[PDB]
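Quick note on labels: first sequence line is chain A, next is B, and so on, each numbered from 1.
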Amino acid sequence: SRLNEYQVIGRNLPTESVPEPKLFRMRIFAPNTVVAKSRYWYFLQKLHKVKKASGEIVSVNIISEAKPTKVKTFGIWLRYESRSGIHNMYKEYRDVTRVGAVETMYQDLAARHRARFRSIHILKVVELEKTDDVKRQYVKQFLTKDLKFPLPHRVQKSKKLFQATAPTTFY
Amino acid sequence: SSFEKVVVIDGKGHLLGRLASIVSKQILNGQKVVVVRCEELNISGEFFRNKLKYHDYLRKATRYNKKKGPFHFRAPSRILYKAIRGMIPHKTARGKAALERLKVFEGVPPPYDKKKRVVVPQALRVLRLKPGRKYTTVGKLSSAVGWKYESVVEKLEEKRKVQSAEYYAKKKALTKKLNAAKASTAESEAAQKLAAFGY
Amino acid sequence: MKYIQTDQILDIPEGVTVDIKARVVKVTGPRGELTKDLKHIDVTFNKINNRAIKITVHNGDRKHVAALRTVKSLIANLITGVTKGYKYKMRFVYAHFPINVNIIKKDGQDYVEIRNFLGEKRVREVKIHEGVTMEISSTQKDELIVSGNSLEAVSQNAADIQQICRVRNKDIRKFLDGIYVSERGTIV
Amino acid sequence: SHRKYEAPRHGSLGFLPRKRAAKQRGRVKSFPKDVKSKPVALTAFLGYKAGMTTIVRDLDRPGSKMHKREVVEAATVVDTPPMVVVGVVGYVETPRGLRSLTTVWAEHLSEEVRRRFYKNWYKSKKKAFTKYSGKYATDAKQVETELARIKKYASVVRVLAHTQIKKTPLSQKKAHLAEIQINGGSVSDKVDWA
Amino acid sequence: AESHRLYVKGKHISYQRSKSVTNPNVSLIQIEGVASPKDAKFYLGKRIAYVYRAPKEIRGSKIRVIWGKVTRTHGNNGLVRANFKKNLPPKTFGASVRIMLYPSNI
Amino acid sequence: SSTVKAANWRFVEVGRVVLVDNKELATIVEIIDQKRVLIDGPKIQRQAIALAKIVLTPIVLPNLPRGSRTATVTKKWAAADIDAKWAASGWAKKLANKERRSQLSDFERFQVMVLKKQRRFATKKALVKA
RNA sequence: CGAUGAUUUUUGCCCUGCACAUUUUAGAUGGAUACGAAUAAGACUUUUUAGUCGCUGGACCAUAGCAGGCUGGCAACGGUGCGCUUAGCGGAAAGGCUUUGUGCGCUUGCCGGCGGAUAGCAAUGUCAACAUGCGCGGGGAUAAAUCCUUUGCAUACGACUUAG
RNA sequence: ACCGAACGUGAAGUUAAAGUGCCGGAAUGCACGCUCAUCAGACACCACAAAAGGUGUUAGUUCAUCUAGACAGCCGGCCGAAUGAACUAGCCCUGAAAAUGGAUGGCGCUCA
RNA sequence: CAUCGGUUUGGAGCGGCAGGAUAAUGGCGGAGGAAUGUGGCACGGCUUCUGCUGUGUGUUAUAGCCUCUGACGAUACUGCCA
Ligand SMILES: [Mg+2]
Ligand SMILES: [Mg+2]
Ligand SMILES: [Mg+2]
Ligand SMILES: [Mg+2]
Ligand SMILES: [Mg+2]
Ligand SMILES: [Mg+2]
Ligand SMILES: [Mg+2]
Ligand SMILES: [Mg+2]
Ligand SMILES: [Mg+2]
Ligand SMILES: [Mg+2]
Ligand SMILES: [Mg+2]
């Protein structure tokens, strides 16, 4: 989707037995805060004896990118469901924002594994600080020194239906 | 976007169905279209694949009387015509008039050999197909399925290109002389004012 | 994966002049000239110097990268065809019936005429491609020498001769008769 | 259900429809392919079927049991008086097929071929080809112009010839006029020959 | 002086329609040179004339007009919806209309 | 000699001047992928953009380090004087002439026609005698 | 779909220059404005090293004058329309593209003089190419087919091959 | 019989389900990938295809060898930098045979 | 045609206010650090060292970049304007 990164913090409802229950935080990539709180309860009921009825959302905050104009390489650890089983995978993306890398990831697993948004768990998104942290060649090839490349065969979009001159593709 | 009296399209290098859809909407909207050089049209996919498709087309014929069945035309212009007519409501009076607005040819016969031919970028093979894909030339598919006049068209096309080259050499020479005269009349009062106006 | 760039380097010997314009390679050497059209491939050429040429594929997928070293090898074969030539040697293999091979000329065309192959009354004729020379070896019994500047033409004439002498309706493990390419080398 | 037993089809589907011919004169669908190096010559002739006869002939066919031995054979006689050449047609190669460009006629046509152009000859003024015959007036430059057009543009040249049916025992007086393609030589050679 | 045109060339393209049902009360008009709704919004409210010829003379003239007006844009490629006093006859699909420059707001 | 015809492409490299929206200049500061770059300029916002949304110009800002920040890009752009180099090309001149033509009024168009008539008179007079 | 022959001695037919009036229109309203080819390439200049052009036709040509009137001058000896006229090319459906000389206009290349109102504050406010008919004028030519009789290379009848 | 929505006679606006290359009103719209089929594929009900396979191509998982020079090739050297195995699942292909000619509705479509 | 009222679709519209990490950035200043290491230096292959270039070294030099941070100043986004 078009996503944002949210910090969602929640807790069990206080009891007379336990008047300060533990606060749990999650980083959720969701299009909006309604899905952010839904995904929060979705993972808490996978990890704790809690429900939305017996729990409480304490805080929802947008986490903005620290350096939205610095080009980074992200490693994303995933857990997705296929038609047959459940698989763990690790993939790498180049982007300036963490959210845009997660958006690329969702498009990429839709394209390469037919994995829908509901079938994917994002275990972890990490910015790879060192060039040695990059394991995948399809993003390692853009970390070479003095990288140049042309864009052969440029196709120009025309405003008119008919053109009086021969097409060209120089660029 | 202008309404033209006749739009003459040079069919060389155009993808068959994309040109067909554009021409269909043009003639439906009251525009007269002429397509020349239908032997130079293109279909995506290898030649063998398109030949197999045409043989599938040839398989279809009325069992009880072959003379009633589909009429499989082999000429490139007629292949383009079939593509267009499939995109036209040809069984209505409006579709019939729209089809009367269209002409398709092999080569560039008179009077269109001395007129302006345009291209349609949305249907050009070099602009549409991914640079590695395979395509077919409709002239070769037509010869492979029964068209008899390939070599006549190419003989007449070589003669036409020789005459058009004599034309172009003369036009270029007179353009060079007119450019030298416009250079002579440059830096004149009218030229300076037209330069301040953008002309 | 769309590899960002892949390169291969031709090496041009001293007397050879490669010449590339719009993917049409013209290799000139002491032995003659050879030409090749490569318009079916998307490659680009850079002259590093008079002795080296870079051949590049930009943003190419696996198959389009695979088509790069084949371009290199074809141009290299042209270079060694115009500087050393090509020579394929064929041996005549027969158990009983000697294979009678002649270099005939009919209708102004050169032909290789195979007679008595496995005793057949049929006369096999193979057209000799332009630029390809046939010779009946004198130093060796039952040997044909196919030579020329073009490796493709030389190997294709040799293959034509080998293929026209196939055995039908027999156990070809036992009936090993035919004309076979025994040596693929260079004239020089 | 399938046929109980197999049998071939009765008759050929390659001769359909089994209708009457559009004309009684059979028309040459295809002429021999032209070879320029050969001399200029006609490729067809018109005759009349007279009847059948019998011959005796010594066979020259080695390996046959009738070799060097007499055979009795049916033969057909075709009465073929000489044909008269009266015209020439030029054909042009077009992306739609051969197209006749021009037909040039001789100055004088005999009555038997001029009857070809009439349904009621006896009631006519017999005006056929009279103005055309006048086209040959003392310079024939119209005729020379048409012949030059044929030489310049035609790729296939055919002559127009008619039978001399008055030399046959037939009571019909109309000649039979047909186009016979000229093969051999250049187009100019063909036009000069015609 | 070779040109005297004070209108923009147009074409009667279609009625307002779904796949199977047409609405003659709205015509779809293509204004020449217009390729976007932003361009077509210049012509909203402008008058439209369909000029045609008829057999009978009326006051010495064989030329008749159906008047209309541009009401709104249509789609994304600069067609407009028009509303004529009498619906344009279906035979005029592809016929040329005149897009007048009035009511002017320049 | 060998005589190899080489391509005259424009390269995606740090320092390439690009047009954005066919109006504004920018320079490539770092390559993200085959499809995306990071662009910056004195009169543009530093952003990640797709190469399809921009047009590479024949101008390179020389000696621009990869990933340079806005201050560095602005300083080197002013030093290399990229604005004048762009404005001196036929491409920018054609863009400017299109803008200028689009700003003419009806009276100015009438004057353009009149002056064109005068220049055509002079041009035909020169051509007929030469 | 093409070539070709002949096309009514009738006041009928063909070609042609006008003049007038009509019917129709799948839809004029400045101009359908002519290389070819490639596209991982083209085209300029030097040099085959390199630089430059494109990045859309928002172009080019044409465009001022009662739907464009009536007159005068200046500068140039050009541009353009029409009429004869010279020569050539074009057969793919050429039916068009060039070209010589001449005559009559116009010229907005520049500067003048006179006229437009009242259609009333809009009403397509009527201006085109194709066709046909009709009046004149000038040239030009002067047929066949069918029925009928006959034939039997044909044939249920039509039709067909013949002859008169 | 499904989805949407239930109905007096009209005008204007907006939608539902479904769509927007042409037939057809609405994008040859913006974008990230995948796929090339000498039976591609193309939208719920629904008008079919499986097990098993493929060094086709893509992306993953876990082991192992690696600059103390990995695999390949010429006889440890020689350029130098990646390599091998098993497994998982996307699209494509094989598996995939029926009778009038014919149906992603048709044309047609291959960075669609 | 004008003005009005009812319904409604729009504009590359313009302005004010609020919130958030009292946005995150960016720019400026300070501190620290590294490499796809700039200059320099030391070796080389082709260069009359003619964007010469490759490999090592190390940390701003004849380019720069990253992290943390200090005081300011904006913008995006989402809301509100009777
Ligand atoms: Mg066998
Ligand atoms: Mg046996
Ligand atoms: Mg049977
Ligand atoms: Mg339901
Ligand atoms: Mg539509
Ligand atoms: Mg399987
Ligand atoms: Mg697989
Ligand atoms: Mg299958
Ligand atoms: Mg459908
Ligand atoms: Mg109101
Ligand atoms: Mg800050």
Side-chain angles (χ1 to χ4, degrees), chain A residues 64-66 68-69 82 87 89 104 107-108 111-114 131 143-145 152-153 156 158 160 164 168-170, chain B residues 4-6 8 17-18 21 24-25 44-45 48-49 52 59-63 69 83 86-89 97 107 109-110 114-116 122 126 129-130 133 156 161 164-165 167-168, chain C residues 22 42-44 62, chain D residues 24 89 92 94-95 99-103 117 119-120 122 124-125 127-129 132 153 171-172, chain E residues 1-5 17-19 49 51 61 63 65 72 75-76 91 94-96, chain F residues 3 7 55 63 65 67-68 70-72 90-91 98 102 113 117-118 121 124-125 128:
Chain A
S64 303
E65 190 65 25
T69 56
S82 67
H87 320 282
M89 72 157 51
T104 307
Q107 298 294 96
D108 188 75
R112 294 180 140 96
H113 306 280
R114 316 297 171 175
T131 311
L143 309 191
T144 77
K145 203 177 182 54
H153 197 92
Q156 295 182 36
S158 161
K160 300 198 168 322
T168 183
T169 58
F170 70 95
Chain B
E4 314 290 344
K5 284 175 190 177
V6 187
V8 180
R18 293 181 183 271
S21 54
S24 294
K25 178 60 70 177
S44 66
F48 200 99
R49 184 159 185 78
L52 274 187
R59 276 201 46 151
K60 295 178 176 65
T62 289
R63 177 74 258 159
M87 289 156 201
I88 292 279
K114 299 189 174 68
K115 305 292 188 198
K116 179 71 186 182
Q122 288 183 24
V126 67
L129 293 177
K130 186 176 180 180
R133 300 302 183 196
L156 291 165
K161 286 167 190 164
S164 189
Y167 175 74
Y168 187 74
Chain C
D42 284 301
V43 296
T44 179
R62 170 162 180 90
Chain D
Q24 184 178 2
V89 191
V92 169
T94 74
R99 193 179 74 77
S100 53
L101 183 63
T102 301
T103 301
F117 317 121
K119 296 308 185 33
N120 311 274
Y122 81 111
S124 291
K125 279 74 176 175
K127 297 303 295 302
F129 283 90
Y132 191 96
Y153 295 116
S171 59
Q172 165 180 156
Chain E
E2 65 183 1
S3 176
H4 303 98
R5 190 162 51 84
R17 57 175 306 168
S18 60
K19 184 169 318 195
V51 179
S61 191
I63 294 151
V65 191
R72 45 179 301 171
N76 293 313
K91 84 182 188 94
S96 65
Chain F
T3 302
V55 193
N63 290 292
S68 296
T70 306
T72 308
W91 185 352
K98 204 210 161 195
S102 88
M113 160 180 69
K117 271 195 203 292
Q118 295 165 10
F121 181 79
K124 297 275 181 56
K125 198 168 160 43
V128 66

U52(G) and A43(G) as Watson-Crick or wobble pair, distances under 3.5 Å: yes
5' priority, RNA chain H, between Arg49(B) and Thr104(A) [closest heavy atom]: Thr104(A)
Nearest-Å distance once atom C1' is located in both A40(H) and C34(H): 14 Å
Sugar-phosphate, base or nothing in reach of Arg114(A), heavy atoms under 4.0 Å: base
Separation between the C1' atoms of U25(I) and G73(I), rounded to whole Å: 13 Å
Nucleotide paired to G109(G) in any strand shown, Watson-Crick or G-U, under 3.5 Å: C74(G)
Intra-strand stack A75(G) & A76(G), ring centres under 5.5 Å, planes under 30°: yes
Geometric stacking, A32(G) and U33(G), six-membered rings, under 5.5 angstrom and under 30 degrees: no
Sign-based sugar class (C1'-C2'-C3'-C4') of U67(H): south
Presence of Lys127(D) side-chain N/O under 4.0 Å of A144(G) phosphate oxygens OP1/OP2: no
Whole-Å P distance, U67(I) and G27(I): 12 Å
OP1 or OP2 of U20(H) under 4.0 Å from side-chain N/O of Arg17(E): no
5' precedence on RNA chain H between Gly17(B) and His113(A) (nearest-nucleotide basis): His113(A)
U78(I) and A18(I) base-paired, Watson-Crick or G-U, both contacts under 3.5 Å: yes
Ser124(D), nearest nucleotide to its side chain (from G95(G), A64(G), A145(G)): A145(G)
Minimum-distance nucleotide to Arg62(C) side chain [options: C111(H), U58(H), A93(G)]: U58(H)
Donor-acceptor pair, side chain of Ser100(D) and main chain of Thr102(D), under 3.5 angstrom: no
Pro109(B) side chain, from C-beta outward: closest of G33(H), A93(G), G54(G): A93(G)
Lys98(F) (side chain) and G58(G) (base): donor-acceptor pair under 3.5 Å: yes
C44(G) and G51(G) base-paired, Watson-Crick or G-U, both contacts under 3.5 Å: yes
Atom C1', compared across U53(I) and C46(I): separation rounded to whole Å: 9 Å
Side chain of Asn76(E) (C-beta onward), nearest among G24(H), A27(H), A94(G): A27(H)
Strand partner of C41(I), provided both Watson-Crick or wobble distances fall under 3.5 Å: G56(I)
Pair test for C70(G) and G105(G): Watson-Crick or G-U wobble, both under 3.5 Å: no
Sugar-phosphate only, base, or nothing, as touched by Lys116(B) at under 4.0 Å among non-hydrogen atoms: sugar-phosphate
Watson-Crick or G-U wobble pair, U65(H) with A82(H), both distances under 3.5 Å: yes
Span that lies between the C1' atom of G125(G) and that of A119(G), in whole angstrom: 9 Å
Rounded P spacing from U110(H) to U61(H) in Å: 36 Å
Base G2(G) to side chain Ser100(D), donor-acceptor N/O within 3.5 Å cut-off: yes
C1'-based separation of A6(G) from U142(G) [nearest Å]: 11 Å
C20(G) and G133(G) as Watson-Crick or wobble pair, distances under 3.5 Å: yes
Touch class at under 4.0 angstrom, heavy-atom based, for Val89(D) against every strand present: nothing
Sugar-phosphate only, base, or nothing, as touched by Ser102(F) at under 4.0 Å among non-hydrogen atoms: base
Exam field: side chain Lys116(B) to backbone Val8(B), donor-acceptor pair closer than 3.5 Å: no
No-H, no-angle donor-acceptor pair, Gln156(A) side chain to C55(G) base, under 3.5 Å: no
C1'-based separation of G37(I) from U60(I) [nearest Å]: 10 Å
Exam field: side chain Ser21(B) to backbone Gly17(B), donor-acceptor pair closer than 3.5 Å: yes
